[PDB]
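Visitor: heads up, no residue letters with this:
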Ligand SMILES: Cc1cc2nc3c(=O)[nH]c(=O)nc-3n(C[C@H](O)[C@H](O)[C@H](O)COP(=O)(O)O)c2cc1C
């Protein structure tokens, strides 16, 4: 015999206290009432399609219930009808993502929602930090993220400057105290505290959000024909 | 055809003195937004 | 040339019995031996490089002039 | 020591990048202006009957109004006007996505598609532009023979 799900509540494992707490508080269901997961929470648990459509058992949390919802509305739904229905439900789906999901909408501010190009370089960074960084550890969950951020600031300075000069970021390690690494710049080019982004500084941000060999982003930057990928990728460790 | 012509011009800032503060700084913000939204368009379009 | 004999005399392991020597149109030969103590597969910990320095004569019968004595630590190569 | 440790001393030096602007006026506080003009102006004008300009643009042999200004006052271009006056001559283009498989996201040639930066532009195009911009010897193909 073997025991997969009987273990994840143990102490030696890395799951977080509250995660163990929920996976405990969820009551199971016998085999007789097993396959009801395709429709409802059966004891606090459900099945969900993957990006490959294949199903997956998962606890019935607000975020994975939202996943379920989008799976019967959005990805079930094909290519062409996808972009426009997103254009429509935008105001709603992002409110959700920011309320009841783990990879939120990037383009939000003090709860105020918006899109990328409505967001300033300064807000961009103050949110990149807010997510890719940990005030508790005062560290970075990873470095492809910190690397991301530095490579962003680099062309920030490329943009607002006039002629060549030396990066205020010569090593991304300077980010290990971020909130200063920004003012060190947004005092060099205060214009960005006000200006929105050039889109040439959006396509970049995104081509980077799609960087192989890097850890995907803990948020959503955009809605496009790739929402599912940005939505249900590397969506396991967070617990 | 002799249809000559003479237009002239003044500096805007000789205008805002015709009005009240609260209305000016109210106008002000309502513009800044524009410049940005305009900045955006100009570039989204300039590219594509 | 003469700017080369200087970068040479610029050196600390390029010592001779008499710097007076004339080093133009001369041909030199370096029969050096190296010793080294490591601390990693690449990062050395001690480096000796010794050996004579010889000179061509109009006969080309080489002869000894000076000595190399290079000492170093924490190197990553042999200069 | 190895450049292993000295590589970091090969400092990173950022080329600038073109951030066109709209040339909106500047707005100074109510002080600088309620002062520059008479205080007697307040409540003294029917604005509905006052006229104003709100926008403007242009086309010519020096492209738009943003760049002509440059050759009008400064006699020569910035890069903010050396690319704009290149985007509108079919010298360069855009591209985001992938080329060489690599994701390029920026300016590029339009006959070769070989990527480019807004720095190697001026040295690369500033010449032909000025040979093909402003007053000139008339070029037939703009006038169908
Ligand atoms: C968190 C988790 C991760 C799993 N990962 C894999 C996997 O990577 N590959 C695989 O073949 N099965 C995987 N499984 C399936 C397990 O091998 C096993 O079938 C399952 O845990 C049994 O469920 P049960 O605890 O209700 O008996 C995983 C199961 C769980 C619960």
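Guide: That came in fine, so what should we check first? Residues are numbered from 1 along each chain as shown, chains lettered A, B, ... in the order given.
Visitor: when you work out contacts or count neighbours from here on, use the C-alpha atoms and nothing else.
Guide: OK.
Visitor: residue A:97 against residue A:104, yeah?
Guide: Yes. If you go by CA atoms under 8 Å, residue A:97 and residue A:104 touch, sitting 4.9 Å apart.
Visitor: leaving out sequence neighbours, find the closest residue to residue D:92.
Guide: residue D:109 (4.3 Å; CA to CA, 6 or more residues apart in numbering or on different chains).
Visitor: show me the contacts for that neighbour.
Guide: Residue D:109 is in contact with D:91-93, D:115-116, counting by CA atoms under 8 Å, 6 or more residues apart in numbering or on different chains.
Visitor: distance of it from residue D:83?
Guide: Using CA to CA, to the nearest Å, residue D:109 is found at 11 Å from residue D:83.
Visitor: and for residue A:189?
Guide: Counting by CA to CA, the gap from residue A:189 to residue D:83 is 22 Å.
Visitor: who's more crowded, the two?
Guide: Between residue A:189 and residue D:83, counted using other CA atoms under 10 Å in any protein chain shown, the more crowded position is residue D:83 (25 against 15).
Visitor: would you mind listing what in chain A touches chain D?
Guide: In this structure, chain A approaches chain D at residues A:154-155, A:157-167, A:170, A:198, A:200, A:203-204, A:207, judged by CA under 8 Å from any CA of the partner chain.
Visitor: apply 6 Å and report the result again.
Guide: Applying the criterion CA under 6 Å from any CA of the partner chain, the portion of chain A that neighbours chain D consists of A:158-159, A:161-167, A:170, A:204.
Visitor: in which helix or strand would I find residue 67?
Guide: I went with chain A, as the question did not name one. Of the helices and strands defined by DSSP states H and E, residue A:67 is found in helix A:62-70.
Visitor: I was after chain D.
Guide: Using DSSP H and E, residue D:67 sits within helix D:65-69.
Visitor: residues of that helix that come out buried?
Guide: For helix D:65-69, burial by neighbour count (16 or more other CA atoms under 10 Å in any protein chain shown) applies to D:66-68.
Visitor: please report how far residue A:13 lies from residue A:239.
Guide: 11 Å.
Visitor: quick check: phi and psi on residue A:198?
Guide: Note on residue A:198: backbone dihedrals following degrees, to the nearest 10 are phi -70, psi 150.
Visitor: centre-most residue in chain C?
Guide: Among the residues of chain C, the one closest to the centroid is residue C:68, at 4.2 Å (CA atoms, centre = their mean).
Visitor: quick one: contacts for that one?
Guide: Contacts here follow CA atoms under 6 Å, 6 or more residues apart in numbering or on different chains; on that basis residue C:68 touches C:13-14, C:50-51.
Visitor: rerun that using 7 Å as the cut-off
Guide: Residues touching residue C:68, when contacts are defined by CA atoms under 7 Å, 6 or more residues apart in numbering or on different chains, comprise C:13-15, C:49-52.
Visitor: cool, and residue C:47?
Guide: Counting by CA under 7 Å, 6+ apart, residue C:47 touches C:35-37, C:71-73.
Visitor: cheers, nothing more for now.
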